[PDB]
Amino acid sequence: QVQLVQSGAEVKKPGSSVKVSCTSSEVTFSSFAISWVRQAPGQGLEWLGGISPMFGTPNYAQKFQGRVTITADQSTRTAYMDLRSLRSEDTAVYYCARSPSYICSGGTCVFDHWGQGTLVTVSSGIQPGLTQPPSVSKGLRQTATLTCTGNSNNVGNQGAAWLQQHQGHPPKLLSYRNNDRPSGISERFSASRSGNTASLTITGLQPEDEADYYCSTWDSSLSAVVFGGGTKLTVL
Amino acid sequence: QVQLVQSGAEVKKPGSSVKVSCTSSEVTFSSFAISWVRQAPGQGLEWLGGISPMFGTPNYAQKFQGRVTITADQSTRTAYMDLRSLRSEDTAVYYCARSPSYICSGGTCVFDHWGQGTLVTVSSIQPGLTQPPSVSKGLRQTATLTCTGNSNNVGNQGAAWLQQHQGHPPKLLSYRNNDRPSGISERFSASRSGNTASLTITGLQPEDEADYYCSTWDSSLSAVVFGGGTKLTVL
Amino acid sequence: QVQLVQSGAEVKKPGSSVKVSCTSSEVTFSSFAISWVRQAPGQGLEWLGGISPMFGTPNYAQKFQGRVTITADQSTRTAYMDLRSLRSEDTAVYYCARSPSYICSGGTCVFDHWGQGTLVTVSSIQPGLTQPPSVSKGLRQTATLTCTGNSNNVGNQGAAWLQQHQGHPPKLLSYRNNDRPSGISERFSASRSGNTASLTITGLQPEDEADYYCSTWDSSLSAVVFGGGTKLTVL
Amino acid sequence: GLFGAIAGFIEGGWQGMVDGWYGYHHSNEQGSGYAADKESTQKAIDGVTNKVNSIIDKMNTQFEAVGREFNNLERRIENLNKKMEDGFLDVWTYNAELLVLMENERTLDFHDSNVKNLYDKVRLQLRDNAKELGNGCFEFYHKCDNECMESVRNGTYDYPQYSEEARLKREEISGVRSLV
Amino acid sequence: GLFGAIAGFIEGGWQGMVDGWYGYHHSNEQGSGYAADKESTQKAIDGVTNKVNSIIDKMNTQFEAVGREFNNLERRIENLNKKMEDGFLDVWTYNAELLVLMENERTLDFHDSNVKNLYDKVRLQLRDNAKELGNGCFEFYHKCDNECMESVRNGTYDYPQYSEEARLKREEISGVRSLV
Amino acid sequence: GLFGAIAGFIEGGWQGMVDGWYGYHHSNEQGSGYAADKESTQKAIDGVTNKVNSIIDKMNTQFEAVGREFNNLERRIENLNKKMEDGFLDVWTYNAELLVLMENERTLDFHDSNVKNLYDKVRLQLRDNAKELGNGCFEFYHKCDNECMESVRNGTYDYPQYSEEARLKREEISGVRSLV
Amino acid sequence: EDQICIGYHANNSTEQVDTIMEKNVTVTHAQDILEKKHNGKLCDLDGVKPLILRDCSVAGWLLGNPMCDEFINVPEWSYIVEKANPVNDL
Amino acid sequence: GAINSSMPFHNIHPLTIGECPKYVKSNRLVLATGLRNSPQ
Amino acid sequence: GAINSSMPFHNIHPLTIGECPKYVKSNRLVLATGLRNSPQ
Ligand SMILES: *[C@@H]1O[C@H](CO)[C@@H](O[C@@H]2O[C@H](CO)[C@@H](O)[C@H](O)[C@H]2NC(C)=O)[C@H](O)[C@H]1NC(C)=O
């Protein structure tokens, strides 16, 4: 286990700035690239951008290009996100993700660990890149198949990694880019990709399995991480 | 310091088959090739075969192609001989023997350490090098023992000598380059001349009379060969 | 720190040779070339020859090409100067000095560490570089002392400067490329421009008024070379 | 040092290659530019990251000293206690220093081959098709555009596709035409 | 590894070479097959052997452990006795544990050399009488039969015997002749 | 050794070279003779010297030693005292013995690159102006006098200067002229 | 015809060293790091004489043994040198 | 006896006093500095 | 003082209690992760 701990639940007014933080337990943190992903109330994931702590070079999404500047402080194991001229539709929870990739700049960059979540509310004064269907419902103890379709600037080429998200917690990683599952994950969850569509099949459906699932990779054309719509799996 | 310990002296009916085992003292077991080398009663020495314990691959003599099967367990640091179809010819004492080289397939395969002996008997001979059968020279004189061969053995690969007293297993007097092990005294110097290898023993003493065998790799048979033997007699 | 240590003051009869030695504290002693440099009553420095302990190849100045023999011993930590065919022009104090280079064969032969000196007396100089003999500047003023030379010596290597108060043996103030050693105070700019080099002293005081020698390797003369001297006088 | 590259024939590293540890720089009709080799930096990081956690793991059993109280006339076992703990704290302080000193040498040399093995990789692909210019860099015979650089970059260049092109250039800067 | 022979340009080892650690494979008009460099596997074995014997012989100056007895009111010098004996078994466990770890790294890189330094040996013998195919494998201009092979194998190849034969092939791939 | 120079392609050392640890021999119409590469013999010595000074500097904070004395009926705390010192002197002996044995292996395989990498510098400068002969040694296509040897030796040879001299020769020992 | 080799140094050197892989490797150049010699005398520790109690024990000296008279009032000492089994104890 | 030396180690006797080299239990302890001396 | 750390070593005080780094008599302990640096 490595810890990622995030800034408190800041509350700002139109046009101002934020500086949210996130702090890594591991002494060896210099070598795992850190990202900043957000999700606003009742929606899905959006990649703002990420940094390699080792080298200082960050990558951002067009979306935020000139108006978000993320930097890591090697010295104190701390990655900073701050965005400018913040308005209303930036009301979100700002999660904080590590990748086993040293830089975040290609299909290698998949998110193994997440911070607890920094909530930001703008106190007054979204369009996804991958295709998942929104709901799939399957009876107890059966087999579910969840799909993620994309084109060729993404899934076709980079591969595609899956994520689980329970109402209220951050999302655990289910599969790596390359089909392999990480430690905690039961053999019940089998990832696979065929061509331009990626499918995660789960056997023996149990009440726990019921959550929202996201797929993701890199898009060559957008130079950015891309999540799918999310798909809420129910069971009874 | 090494110790090769062979097994009990099984005795059997014809057709039957034996599984003798040499078990090595030492931790670097795999790195040294083990050979098996029977001696029928009264006669000299004959190689059956031998293995690289580390690689597994074994080498047999034309004569035993189909019959013997030798291998060695690395985990237990012990080597094995499965000899089959044995008639009365096959009765002998059976030595295992350590090579200083890793595999047994060439002139460097000489036999520096030997086990204690395993007499197999069976209920109801042909040397590959030339060695005078007897040499008799007087006490404190000096001696010259000769082994001759040809181009496929002593010619190219060179030869290695062996002393054997009645009862005991043999021991190494010299390596293929005629450098002497630590053990052996300095009046046992060996050298070689084309196809005729010779060990000169100087200052003969009571001690010295026993057998002497030369041995080499013969690259025309893929096999280890020995001379007939030669009894030295101090006089 | 390292310390060299020399032999007792010898007195000698014309013709009769001398051997004088010095010995080193430091264990890494075969890594540093050792030299011998005499100073006859009054005048200035002169390099006889030098040795690489590690290799034991020496090289000498031609003035002594066949008269002197200098060598170092590895086991004990010591070097020797054997000045045969002694005579009257030879009376001096003889310093052994360590060069940080492992060999004494070029510019890198500067002298960072000197022995305390051995006076050798017999019973009954031309400088290769050019310095004025007397610079005299006032308290808290700046002096610039100049060594001038040519392409064989100063103009390719550059120079090392040295300080010498009456009594004490010489201390090094710059390496051949204008870096100062540890001890040297941070107000002694060395420099070099073409075929002339200048030790610039800033903020004079009584301490500073001693003799100053430049030095380098002459690639034509196959040897080490010193200027005449410059007595600094503060006032 | 050992392997020949870093601070060797490739005199000096580049400040322009910001994204990674080793990499490429090219020059052609379309552009000039740097490009880090991630593959093999990522493999080097794997190995350093493993080294760092290697030590951490190796010193969790390291000697812990909880103290003991001692009397006025027990002075000489009070000492024995003090000699021991000072003893162990010297032995482990030595260890922890020497291991670092040793791993640092190994690590700097690990990069040193990393670089060189990259170069020799490029070299074994581009053969006769390019000149070994002798300072870390190759000029091609056949003129090689961006898409073709990639192949060298990602180690799937194709010798027998630019052969003629290149060996028409070898054929001529060998002055062999000049007899007609 | 550091030398980039194993898992490198030589793209995996050959299963079919059963009789030794390093070696040759070849094809000619005659035949085809594998042949272990017994010679240089033996220099390997002899060094990896000295290594395990080097260890053993160092590890009988290991801290010899005998036991002592203490009553109920010497409790705290019973502890001192334990803080010592644990203390040491940590110092020596760390030492065995790391020394194995460090001579594992060295061994694998030692092999990775032995191979590179075998490739290069052949390369210097055949020079421009063969092509560096650049995957570990050379290919001859002049035809090279089974006797010729042994020469390269056992390291007594001779260039000058085959130059003319070779620089007819070299001469003509370069289509110089192609000006008739 | 590891790097394959000393006791490798460069078969044995030259006794004729006394001035230093590594160098060049040459031959040309005027010259023939040895000459050590002091500047890199010098760099090597700076290393090996630092190595000795590093080990002395690690061995001043060993486990220290001063003396203690015991009653006849304290015999078993005497023992504990003894097992202790004899524990610590078992441990600093191993550390000394093993450090030397290891740093000895590395020092010998350090010299083996110093020499390889010197050979590779000469190589990269001279390209196809000279024929790599393979026994540690290059022979030139263009004649190259004593003043040009230094240039190779001090590492500022000038390829373009002798290019057409050299490639006139290459061009003719290719017998491509033999076609008229 | 003109040519230049690279090479390394070789000499009349007998001294050999060991390594984890090679024992008795002969090299051109060595460096012992092991002191083996002493002068067989008790000496000063930096111009400060020891206290050689000779055939007294410490107890023999402090209590005031009439054999231990030449110690009745002693100068400062570097270290003390008791014998194996001093004849003059209690 | 009094020990003389600059060497890092000695092997005379364990119980020293003063600023000394450091006791080890070995008979011989030589660093290599030069090249393999396999000539010709 | 207490220590809040993930480093494997410290140099505050030998007689710690709790789940610690491991005391070392040193005052500087820095691994290399990157390559030798330079200007070009
Ligand atoms: C390595 O060389 C040493 C050199 O001393 C050999 O040491 C021998 O040691 C024994 C004591 O047991 C002496 O009787 C011999 O005289 C020594 N031999 C010689 C020729 O000096 C040692 O045997 C050699 N071999 C190994 C592997 O240690």
# chains A, B, ... in the order shown; residues from 1 in each chain; ligands from 1
>>> residues_around(residues="residue 4 in chain H", least_positions_apart="5", cutoff="9 Å", atoms="only C-alpha atoms", output="ChimeraX atom specification")
/G:35,37-39 /H:20
>>> write_last_selection(atoms="N, CA and C atoms", output="short mmCIF file (atom, residue, chain, number, x, y, z; two decimals), in the first residue's frame")
data_model
loop_
_atom_site.label_atom_id
_atom_site.label_comp_id
_atom_site.auth_asym_id
_atom_site.auth_seq_id
_atom_site.Cartn_x
_atom_site.Cartn_y
_atom_site.Cartn_z
N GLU G 35 49.66 -4.52 8.73
CA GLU G 35 50.82 -4.37 9.56
C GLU G 35 51.06 -5.70 10.24
N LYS G 37 54.30 -6.14 12.16
CA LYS G 37 55.53 -6.02 12.94
C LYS G 37 55.44 -5.04 14.12
N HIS G 38 56.19 -5.37 15.18
CA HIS G 38 56.30 -4.58 16.42
C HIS G 38 57.73 -4.64 16.93
N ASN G 39 58.04 -3.85 17.95
CA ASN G 39 59.43 -3.75 18.44
C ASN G 39 59.73 -4.53 19.71
N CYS H 20 45.65 3.74 16.78
CA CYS H 20 46.25 2.61 16.08
C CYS H 20 45.53 2.17 14.83
#
>>> calpha_fit_and_write(fixed="chain D", moving="chain E", output="PDB file with C-alpha atoms, in the first residue's frame")
ATOM      1  CA  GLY E   1      32.560   5.111 -16.991  1.00  0.00           C
ATOM      2  CA  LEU E   2      33.542   1.458 -17.398  1.00  0.00           C
ATOM      3  CA  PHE E   3      31.562   1.304 -20.690  1.00  0.00           C
ATOM      4  CA  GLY E   4      32.735   4.697 -22.021  1.00  0.00           C
ATOM      5  CA  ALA E   5      29.423   6.114 -23.304  1.00  0.00           C
ATOM      6  CA  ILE E   6      28.749   8.963 -20.807  1.00  0.00           C
ATOM      7  CA  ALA E   7      31.618  11.539 -20.780  1.00  0.00           C
ATOM      8  CA  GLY E   8      33.167   9.424 -23.584  1.00  0.00           C
ATOM      9  CA  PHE E   9      32.622   9.503 -27.362  1.00  0.00           C
ATOM     10  CA  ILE E  10      29.212  10.931 -26.690  1.00  0.00           C
ATOM     11  CA  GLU E  11      30.728  14.202 -25.556  1.00  0.00           C
ATOM     12  CA  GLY E  12      28.269  15.334 -22.902  1.00  0.00           C
ATOM     13  CA  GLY E  13      24.530  15.004 -22.522  1.00  0.00           C
ATOM     14  CA  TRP E  14      21.917  17.186 -24.169  1.00  0.00           C
ATOM     15  CA  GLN E  15      20.159  19.745 -22.029  1.00  0.00           C
ATOM     16  CA  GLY E  16      17.339  19.924 -24.616  1.00  0.00           C
ATOM     17  CA  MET E  17      16.177  16.336 -23.936  1.00  0.00           C
ATOM     18  CA  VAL E  18      14.000  17.005 -20.935  1.00  0.00           C
ATOM     19  CA  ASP E  19      11.585  14.082 -20.962  1.00  0.00           C
ATOM     20  CA  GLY E  20      13.849  11.072 -20.259  1.00  0.00           C
ATOM     21  CA  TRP E  21      17.355   9.786 -19.468  1.00  0.00           C
ATOM     22  CA  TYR E  22      18.474   8.405 -22.808  1.00  0.00           C
ATOM     23  CA  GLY E  23      17.568   9.125 -26.421  1.00  0.00           C
ATOM     24  CA  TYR E  24      17.886  10.362 -30.006  1.00  0.00           C
ATOM     25  CA  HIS E  25      18.415  13.650 -31.834  1.00  0.00           C
ATOM     26  CA  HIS E  26      18.147  13.964 -35.580  1.00  0.00           C
ATOM     27  CA  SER E  27      18.177  16.217 -38.658  1.00  0.00           C
ATOM     28  CA  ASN E  28      16.451  15.623 -41.998  1.00  0.00           C
ATOM     29  CA  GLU E  29      15.040  17.641 -44.919  1.00  0.00           C
ATOM     30  CA  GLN E  30      11.829  17.691 -42.897  1.00  0.00           C
ATOM     31  CA  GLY E  31      13.062  18.853 -39.541  1.00  0.00           C
ATOM     32  CA  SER E  32      15.142  18.359 -36.480  1.00  0.00           C
ATOM     33  CA  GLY E  33      14.656  17.531 -32.791  1.00  0.00           C
ATOM     34  CA  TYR E  34      15.001  15.362 -29.690  1.00  0.00           C
ATOM     35  CA  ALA E  35      13.123  12.217 -28.674  1.00  0.00           C
ATOM     36  CA  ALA E  36      13.643  10.295 -25.398  1.00  0.00           C
ATOM     37  CA  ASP E  37      13.845   6.509 -25.519  1.00  0.00           C
ATOM     38  CA  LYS E  38      10.983   6.371 -22.968  1.00  0.00           C
ATOM     39  CA  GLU E  39      10.965   2.598 -23.243  1.00  0.00           C
ATOM     40  CA  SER E  40      14.544   2.231 -22.148  1.00  0.00           C
ATOM     41  CA  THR E  41      14.494   5.048 -19.539  1.00  0.00           C
ATOM     42  CA  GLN E  42      11.649   3.082 -18.036  1.00  0.00           C
ATOM     43  CA  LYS E  43      13.680  -0.114 -17.844  1.00  0.00           C
ATOM     44  CA  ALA E  44      16.286   2.052 -16.159  1.00  0.00           C
ATOM     45  CA  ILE E  45      13.876   3.604 -13.678  1.00  0.00           C
ATOM     46  CA  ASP E  46      12.400   0.199 -12.787  1.00  0.00           C
ATOM     47  CA  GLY E  47      15.866  -1.174 -11.941  1.00  0.00           C
ATOM     48  CA  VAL E  48      17.090   1.880 -10.000  1.00  0.00           C
ATOM     49  CA  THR E  49      13.762   1.615  -8.144  1.00  0.00           C
ATOM     50  CA  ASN E  50      14.117  -2.036  -7.210  1.00  0.00           C
ATOM     51  CA  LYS E  51      17.513  -1.000  -5.896  1.00  0.00           C
ATOM     52  CA  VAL E  52      16.239   1.539  -3.341  1.00  0.00           C
ATOM     53  CA  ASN E  53      13.483  -0.847  -2.342  1.00  0.00           C
ATOM     54  CA  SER E  54      15.966  -3.703  -2.168  1.00  0.00           C
ATOM     55  CA  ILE E  55      17.924  -1.682   0.394  1.00  0.00           C
ATOM     56  CA  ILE E  56      14.983  -0.593   2.528  1.00  0.00           C
ATOM     57  CA  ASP E  57      13.615  -4.158   2.819  1.00  0.00           C
ATOM     58  CA  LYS E  58      17.034  -5.428   3.912  1.00  0.00           C
ATOM     59  CA  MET E  59      17.277  -2.680   6.544  1.00  0.00           C
ATOM     60  CA  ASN E  60      14.585  -3.733   8.980  1.00  0.00           C
ATOM     61  CA  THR E  61      16.574  -6.735  10.147  1.00  0.00           C
ATOM     62  CA  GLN E  62      18.786  -3.962  11.626  1.00  0.00           C
ATOM     63  CA  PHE E  63      19.892  -4.372  15.261  1.00  0.00           C
ATOM     64  CA  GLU E  64      16.891  -3.236  17.388  1.00  0.00           C
ATOM     65  CA  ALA E  65      18.087  -0.892  20.220  1.00  0.00           C
ATOM     66  CA  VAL E  66      16.525  -0.857  23.769  1.00  0.00           C
ATOM     67  CA  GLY E  67      18.189   0.530  26.910  1.00  0.00           C
ATOM     68  CA  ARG E  68      19.393  -0.877  30.238  1.00  0.00           C
ATOM     69  CA  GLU E  69      20.247   0.413  33.645  1.00  0.00           C
ATOM     70  CA  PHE E  70      23.249  -0.019  35.925  1.00  0.00           C
ATOM     71  CA  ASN E  71      24.277   1.166  39.338  1.00  0.00           C
ATOM     72  CA  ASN E  72      27.599   2.595  40.539  1.00  0.00           C
ATOM     73  CA  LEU E  73      29.367  -0.740  41.349  1.00  0.00           C
ATOM     74  CA  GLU E  74      28.339  -2.551  38.156  1.00  0.00           C
ATOM     75  CA  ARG E  75      30.347   0.116  36.334  1.00  0.00           C
ATOM     76  CA  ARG E  76      32.334  -2.361  34.259  1.00  0.00           C
ATOM     77  CA  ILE E  77      29.364  -4.341  32.916  1.00  0.00           C
ATOM     78  CA  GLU E  78      27.871  -0.947  32.113  1.00  0.00           C
ATOM     79  CA  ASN E  79      30.947  -0.497  29.868  1.00  0.00           C
ATOM     80  CA  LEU E  80      30.480  -3.905  28.315  1.00  0.00           C
ATOM     81  CA  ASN E  81      26.955  -2.795  27.534  1.00  0.00           C
ATOM     82  CA  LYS E  82      28.322   0.312  25.796  1.00  0.00           C
ATOM     83  CA  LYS E  83      31.276  -1.292  24.021  1.00  0.00           C
ATOM     84  CA  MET E  84      28.606  -3.574  22.559  1.00  0.00           C
ATOM     85  CA  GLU E  85      26.075  -0.980  21.480  1.00  0.00           C
ATOM     86  CA  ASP E  86      28.700   1.356  20.005  1.00  0.00           C
ATOM     87  CA  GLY E  87      30.380  -1.684  18.467  1.00  0.00           C
ATOM     88  CA  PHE E  88      27.203  -2.540  16.536  1.00  0.00           C
ATOM     89  CA  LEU E  89      26.287   0.972  15.479  1.00  0.00           C
ATOM     90  CA  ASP E  90      29.708   0.982  13.876  1.00  0.00           C
ATOM     91  CA  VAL E  91      29.033  -2.340  12.113  1.00  0.00           C
ATOM     92  CA  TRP E  92      25.741  -1.077  10.737  1.00  0.00           C
ATOM     93  CA  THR E  93      26.939   2.466  10.024  1.00  0.00           C
ATOM     94  CA  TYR E  94      29.850   1.063   8.027  1.00  0.00           C
ATOM     95  CA  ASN E  95      27.329  -1.149   6.244  1.00  0.00           C
ATOM     96  CA  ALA E  96      24.887   1.557   5.254  1.00  0.00           C
ATOM     97  CA  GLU E  97      27.771   3.920   4.434  1.00  0.00           C
ATOM     98  CA  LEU E  98      29.563   1.513   2.133  1.00  0.00           C
ATOM     99  CA  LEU E  99      26.459  -0.090   0.553  1.00  0.00           C
ATOM    100  CA  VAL E 100      25.370   3.395  -0.601  1.00  0.00           C
ATOM    101  CA  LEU E 101      28.920   3.956  -1.836  1.00  0.00           C
ATOM    102  CA  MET E 102      29.042   0.718  -3.815  1.00  0.00           C
ATOM    103  CA  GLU E 103      25.619   1.011  -5.403  1.00  0.00           C
ATOM    104  CA  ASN E 104      26.467   4.521  -6.413  1.00  0.00           C
ATOM    105  CA  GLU E 105      29.394   3.204  -8.437  1.00  0.00           C
ATOM    106  CA  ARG E 106      27.209   0.532  -9.993  1.00  0.00           C
ATOM    107  CA  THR E 107      24.311   2.843 -10.846  1.00  0.00           C
ATOM    108  CA  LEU E 108      26.480   5.386 -12.729  1.00  0.00           C
ATOM    109  CA  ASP E 109      28.158   2.522 -14.675  1.00  0.00           C
ATOM    110  CA  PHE E 110      24.738   0.980 -15.307  1.00  0.00           C
ATOM    111  CA  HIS E 111      23.722   4.156 -17.084  1.00  0.00           C
ATOM    112  CA  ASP E 112      27.012   4.247 -18.957  1.00  0.00           C
ATOM    113  CA  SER E 113      25.985   0.830 -20.273  1.00  0.00           C
ATOM    114  CA  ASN E 114      22.333   1.554 -21.120  1.00  0.00           C
ATOM    115  CA  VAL E 115      23.606   4.290 -23.513  1.00  0.00           C
ATOM    116  CA  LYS E 116      26.419   2.196 -25.183  1.00  0.00           C
ATOM    117  CA  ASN E 117      23.894  -0.611 -25.570  1.00  0.00           C
ATOM    118  CA  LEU E 118      21.542   1.869 -27.281  1.00  0.00           C
ATOM    119  CA  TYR E 119      24.122   3.190 -29.636  1.00  0.00           C
ATOM    120  CA  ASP E 120      25.025  -0.338 -30.615  1.00  0.00           C
ATOM    121  CA  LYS E 121      21.381  -1.372 -31.119  1.00  0.00           C
ATOM    122  CA  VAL E 122      20.955   1.336 -33.764  1.00  0.00           C
ATOM    123  CA  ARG E 123      24.329   0.548 -35.294  1.00  0.00           C
ATOM    124  CA  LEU E 124      23.364  -3.072 -35.986  1.00  0.00           C
ATOM    125  CA  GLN E 125      20.050  -2.011 -37.580  1.00  0.00           C
ATOM    126  CA  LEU E 126      21.373   0.565 -40.065  1.00  0.00           C
ATOM    127  CA  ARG E 127      24.566  -1.137 -41.116  1.00  0.00           C
ATOM    128  CA  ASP E 128      26.420   0.178 -44.104  1.00  0.00           C
ATOM    129  CA  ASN E 129      23.308   2.199 -44.972  1.00  0.00           C
ATOM    130  CA  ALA E 130      24.917   4.862 -42.686  1.00  0.00           C
ATOM    131  CA  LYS E 131      28.301   6.255 -41.601  1.00  0.00           C
ATOM    132  CA  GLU E 132      29.669   5.865 -38.120  1.00  0.00           C
ATOM    133  CA  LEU E 133      30.584   9.524 -37.632  1.00  0.00           C
ATOM    134  CA  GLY E 134      32.274   8.351 -34.443  1.00  0.00           C
ATOM    135  CA  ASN E 135      31.018  11.025 -32.024  1.00  0.00           C
ATOM    136  CA  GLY E 136      27.860   9.163 -31.080  1.00  0.00           C
ATOM    137  CA  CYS E 137      26.124  10.218 -34.189  1.00  0.00           C
ATOM    138  CA  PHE E 138      25.317   8.303 -37.439  1.00  0.00           C
ATOM    139  CA  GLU E 139      24.629   9.789 -40.871  1.00  0.00           C
ATOM    140  CA  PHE E 140      22.660   8.155 -43.642  1.00  0.00           C
ATOM    141  CA  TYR E 141      23.625   7.382 -47.191  1.00  0.00           C
ATOM    142  CA  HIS E 142      19.978   7.053 -48.201  1.00  0.00           C
ATOM    143  CA  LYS E 143      17.745  10.022 -47.246  1.00  0.00           C
ATOM    144  CA  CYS E 144      15.883   9.251 -44.054  1.00  0.00           C
ATOM    145  CA  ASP E 145      12.587  11.107 -43.455  1.00  0.00           C
ATOM    146  CA  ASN E 146      10.578  11.355 -40.182  1.00  0.00           C
ATOM    147  CA  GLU E 147       8.776   7.988 -40.653  1.00  0.00           C
ATOM    148  CA  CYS E 148      12.064   6.243 -41.357  1.00  0.00           C
ATOM    149  CA  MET E 149      13.377   7.863 -38.151  1.00  0.00           C
ATOM    150  CA  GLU E 150      10.614   6.399 -35.974  1.00  0.00           C
ATOM    151  CA  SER E 151      11.592   3.031 -37.407  1.00  0.00           C
ATOM    152  CA  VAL E 152      15.202   3.384 -36.249  1.00  0.00           C
ATOM    153  CA  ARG E 153      13.967   4.929 -33.064  1.00  0.00           C
ATOM    154  CA  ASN E 154      11.392   2.249 -32.168  1.00  0.00           C
ATOM    155  CA  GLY E 155      13.738  -0.406 -33.591  1.00  0.00           C
ATOM    156  CA  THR E 156      11.978  -1.681 -36.691  1.00  0.00           C
ATOM    157  CA  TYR E 157      14.219  -0.151 -39.410  1.00  0.00           C
ATOM    158  CA  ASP E 158      14.602  -2.285 -42.508  1.00  0.00           C
ATOM    159  CA  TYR E 159      17.900  -2.300 -44.358  1.00  0.00           C
ATOM    160  CA  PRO E 160      16.739  -3.911 -47.545  1.00  0.00           C
ATOM    161  CA  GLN E 161      14.291  -1.155 -48.446  1.00  0.00           C
ATOM    162  CA  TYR E 162      17.088   1.369 -48.763  1.00  0.00           C
ATOM    163  CA  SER E 163      20.118  -0.642 -49.907  1.00  0.00           C
ATOM    164  CA  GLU E 164      19.939   0.323 -53.661  1.00  0.00           C
ATOM    165  CA  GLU E 165      19.423   3.973 -52.683  1.00  0.00           C
ATOM    166  CA  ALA E 166      22.343   3.638 -50.234  1.00  0.00           C
ATOM    167  CA  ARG E 167      24.808   1.779 -52.441  1.00  0.00           C
ATOM    168  CA  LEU E 168      24.361   4.340 -55.103  1.00  0.00           C
ATOM    169  CA  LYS E 169      25.712   6.898 -52.642  1.00  0.00           C
ATOM    170  CA  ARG E 170      28.356   4.470 -51.290  1.00  0.00           C
ATOM    171  CA  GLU E 171      29.137   3.526 -54.883  1.00  0.00           C
ATOM    172  CA  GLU E 172      29.786   7.095 -55.870  1.00  0.00           C
ATOM    173  CA  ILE E 173      31.667   8.576 -52.883  1.00  0.00           C
ATOM    174  CA  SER E 174      34.181   5.960 -53.882  1.00  0.00           C
ATOM    175  CA  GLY E 175      34.529   7.681 -57.247  1.00  0.00           C
ATOM    176  CA  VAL E 176      34.340   4.371 -59.074  1.00  0.00           C
ATOM    177  CA  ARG E 177      31.833   6.003 -61.393  1.00  0.00           C
ATOM    178  CA  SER E 178      34.565   8.605 -61.972  1.00  0.00           C
ATOM    179  CA  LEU E 179      35.997   6.530 -64.856  1.00  0.00           C
ATOM    180  CA  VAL E 180      33.902   7.840 -67.758  1.00  0.00           C
TER     181      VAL E 180
END
>>> residues_near_ligand(ligand="ligand 1", cutoff="9 Å", atoms="only C-alpha atoms and all ligand atoms", output="number ranges by chain")
G: 16-18, 22-25
>>> atom_distance(atom1="CA of residue 154 in chain B", atom2="CA of residue 224 in chain B")
11.3 Å
>>> atom_distance(atom1="CA of residue 125 in chain B", atom2="CA of residue 188 in chain B")
28.9 Å
>>> residues_around(residues="residue 34 in chain H", least_positions_apart="6", cutoff="7 Å", atoms="only C-alpha atoms", output="ChimeraX atom specification")
/G:27-30
>>> atom_distance(atom1="CA of residue 76 in chain G", atom2="CA of residue 1 in chain H")
21.4 Å
>>> residues_around(residues="residue 99 in chain A", least_positions_apart="5", cutoff="6 Å", atoms="only C-alpha atoms", output="MDAnalysis selection string")
chainID A and resid 32:33 109:112
>>> residues_around(residues="range 88-93 of chain A", least_positions_apart="3", cutoff="9 Å", atoms="only C-alpha atoms", output="list in words")
residues 9, 13, 14, 37, 38, 39, 40, 41, 117, 118, 119, 120, 121, 122, 123, 124 and 126 of chain A
>>> residues_around(residues="range 75-87 of chain C", least_positions_apart="2", cutoff="7 Å", atoms="only C-alpha atoms", output="list in words")
residues 14, 15, 16, 17, 18, 19, 20, 21, 22, 23, 24, 29, 67, 68, 69, 70, 71, 72, 73, 89, 90 and 122 of chain C
>>> residues_around(residues="residue 65 in chain C", least_positions_apart="6", cutoff="10 Å", atoms="only C-alpha atoms", output="number ranges by chain")
C: 48-49, 59
>>> select_by_dssp(residues="range 47-207 of chain B", states="helix (DSSP H, G or I)", output="VMD selection string")
chain B and resid 62 to 64 151 to 155 206 to 207
>>> select_by_dssp(residues="range 35-104 of chain A", states="strand (DSSP E)", output="PyMOL selection string")
chain A and resi 35-39+46-51+58-60+71-73+78-80+92-98
